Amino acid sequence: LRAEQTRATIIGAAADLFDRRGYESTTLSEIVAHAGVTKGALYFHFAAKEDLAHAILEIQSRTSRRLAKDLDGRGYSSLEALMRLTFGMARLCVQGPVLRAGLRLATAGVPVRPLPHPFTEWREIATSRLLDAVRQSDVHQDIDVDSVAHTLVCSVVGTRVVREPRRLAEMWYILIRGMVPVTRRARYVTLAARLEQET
């Protein structure tokens, strides 16, 4: 029962290698040598490479869900929640390889275990917040929210998949000018600039 504390070290080590060098080419022996443990310590937590991949995707998904639920309980407008969620994820992503690895696993097409695809989950979240925002009169009624959610999810996720706070603020500036009624506009431009400054 000191073997239990090594799990997060192994995950971190795997996350770091998957992120930088990719899933396919990283071996269990590399991960174990990077983490400084035995092959037994790894097998104690993970039978195979795919289990580390699943573990990292689990975390990325929980993290997503927790941040989204928390930001929906703070009395914010639905559009402010969505905007804080994008900046909130980006902040966690530069702060830890586990989400970066999670994103790299998705780009490379490592199957997600039947857990939904992270990109489909994020599109659902954005879609639901965009519909709430339309109902709250913060986004024009004639806006196709589904199409925006797809674009947002692909955009937010970054050009590696095809500095962060600044980039994310420019994408929001564009969306705000184009889909937010002119009188609701300044508040959200101000918020975007504020979140960039804060992160």
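In this text, residue numbers run from 1 along the sequence as written.
Check the residues of the deposited sequence separating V162 from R163 and report how many of them have no coordinates, as none, 1 to 3, 4 to 9, or 10 or more.
Per the deposited record, the segment joining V162 and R163 lacks coordinates for 4 to 9 residues.
What is the count, as a class, of unmodelled deposited residues between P114 and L115: none, 1 to 3, 4 to 9, or 10 or more?
According to the record, 1 to 3 deposited residues lack coordinates from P114 to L115.
On average, are the C-alpha B-factors higher in 120-128 or in 99-107?
Looking at the recorded C-alpha B-factors, 99-107 comes out higher on average.
Using the B-factors recorded in the PDB entry, average over the C-alpha atoms of 23-31 and of 142-150, then report which stretch comes out higher.
Taking the mean C-alpha B-factor of 23-31 and of 142-150, the larger value falls to 23-31.
Which one of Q60, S137, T38, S155 shows the biggest C-alpha B-factor in the PDB entry?
Highest CA B-factor of the listed options: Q60.
Per the entry's Cα B factor values, which of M171, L52, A133, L42 stands out as the maximum?
Highest C-alpha B-factor among the listed residues goes to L52.
Pull the Cα B-factor of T190 out of the PDB entry and bin it into the chain's lowest, middle or highest third.
CA B-factor rank for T190: lowest third.
Split the chain's modelled residues into thirds by Cα B-factor; is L71 in the lowest, middle or highest one?
It belongs to the highest third of the chain when residues are ordered by C-alpha B-factor.
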